[PDB]
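Each remark here refers to the structure printed beneath this line.
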Amino acid sequence: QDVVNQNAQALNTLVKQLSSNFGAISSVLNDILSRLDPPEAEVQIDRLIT
Amino acid sequence: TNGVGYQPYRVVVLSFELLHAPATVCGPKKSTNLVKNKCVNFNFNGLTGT
């Protein structure tokens, strides 16, 4: 059971790591892609990607 | 007769709030009908996604 929950915690944290902005102005990719022009959106996209 | 630096500029600040709440002001889309049980790519009130 301990290894099962430890793996599950790893996976759950991996999923939950999406919500973080990492300094960007949003978290869901379609919205940052849906309210910014390419030359300005690319830097935010790059921060979130890294 | 005043110089450019002292002429009156009329200024308007359009402070939106882009947020969760039910949107009341936005653009003139056609707003077509939905399709259901077959996966589409929607611009479902600005929450664009598939």
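Chain lettering (A, B, ...) mirrors the order of the structure tokens, residue numbering begins at 1 for each chain separately, and ligand numbering begins at 1 in order of display.
Residue neighbourhood of residue 22 in chain B, excluding near-sequence residues (fewer than 3 positions): residues 19, 25 and 45 of chain B, at 10 Å, using only C-alpha atoms.
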Write the residues of the selection above to a file with N, CA, C and O atoms, as a PDB file, in the first residue's frame.
```
ATOM      1  N   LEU B  19     -12.859  37.741 -16.236  1.00  0.00           N
ATOM      2  CA  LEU B  19     -13.064  37.075 -14.965  1.00  0.00           C
ATOM      3  C   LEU B  19     -14.102  35.967 -15.163  1.00  0.00           C
ATOM      4  O   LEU B  19     -14.564  35.730 -16.284  1.00  0.00           O
ATOM      5  N   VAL B  25     -21.061  41.945 -21.691  1.00  0.00           N
ATOM      6  CA  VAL B  25     -20.630  42.834 -22.763  1.00  0.00           C
ATOM      7  C   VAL B  25     -19.573  42.113 -23.577  1.00  0.00           C
ATOM      8  O   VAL B  25     -18.477  41.851 -23.067  1.00  0.00           O
ATOM      9  N   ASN B  45     -18.513  30.867 -25.186  1.00  0.00           N
ATOM     10  CA  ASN B  45     -18.493  32.104 -24.406  1.00  0.00           C
ATOM     11  C   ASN B  45     -17.066  32.469 -24.001  1.00  0.00           C
ATOM     12  O   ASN B  45     -16.788  32.850 -22.867  1.00  0.00           O
TER      13      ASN B  45
END
```
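By chain and then residue number, the residues within 9 Å of residue 23 in chain A are residues 44, 47 and 48 of chain A, counting only C-alpha atoms and disregarding those fewer than 6 positions away in sequence.
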Let me see the file: selected residues, N, CA, C and O atoms, as a tab-separated table (two decimals), in the first residue's frame.
```tsv
chain	number	residue	atom	x	y	z
A	44	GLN	N	4.90	34.65	-22.95
A	44	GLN	CA	4.12	34.01	-21.90
A	44	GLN	C	4.05	32.51	-22.13
A	44	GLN	O	4.20	31.71	-21.19
A	47	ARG	N	7.38	30.95	-21.05
A	47	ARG	CA	7.53	30.79	-19.61
A	47	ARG	C	6.71	29.61	-19.11
A	47	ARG	O	7.21	28.76	-18.37
A	48	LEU	N	5.45	29.52	-19.55
A	48	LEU	CA	4.61	28.43	-19.08
A	48	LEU	C	5.14	27.08	-19.55
A	48	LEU	O	5.10	26.09	-18.81
```
**Study point:** Nearest-residue call for chain B, choices A:34, A:7, A:21, A:26, using only C-alpha atoms
**Key:** A:34
Tell me, counting only C-alpha atoms, for each residue of chain A within 10 Å of chain B, which pair of atoms is nearest and how far apart they are in Å to one decimal, in rows ordered by chain and increasing number, as a Markdown table.
```
| residue | atom | partner | partner_atom | distance |
| --- | --- | --- | --- | --- |
| A:28 | CA | B:47 | CA | 9.7 |
| A:29 | CA | B:49 | CA | 9.6 |
| A:30 | CA | B:48 | CA | 6.4 |
| A:31 | CA | B:47 | CA | 7.0 |
| A:33 | CA | B:48 | CA | 9.6 |
| A:34 | CA | B:48 | CA | 7.7 |
| A:35 | CA | B:46 | CA | 9.5 |
```
Check your understanding: Can you list every residue in chain A that DSSP puts in helix (DSSP H, G or I), as number ranges by chain?
Key -> A: 2-19, 29-32, 38-49
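The nearest approach to residue 50 in chain A among the residues A:27, A:22, A:12, A:37, with only C-alpha atoms taken into account, belongs to A:22.
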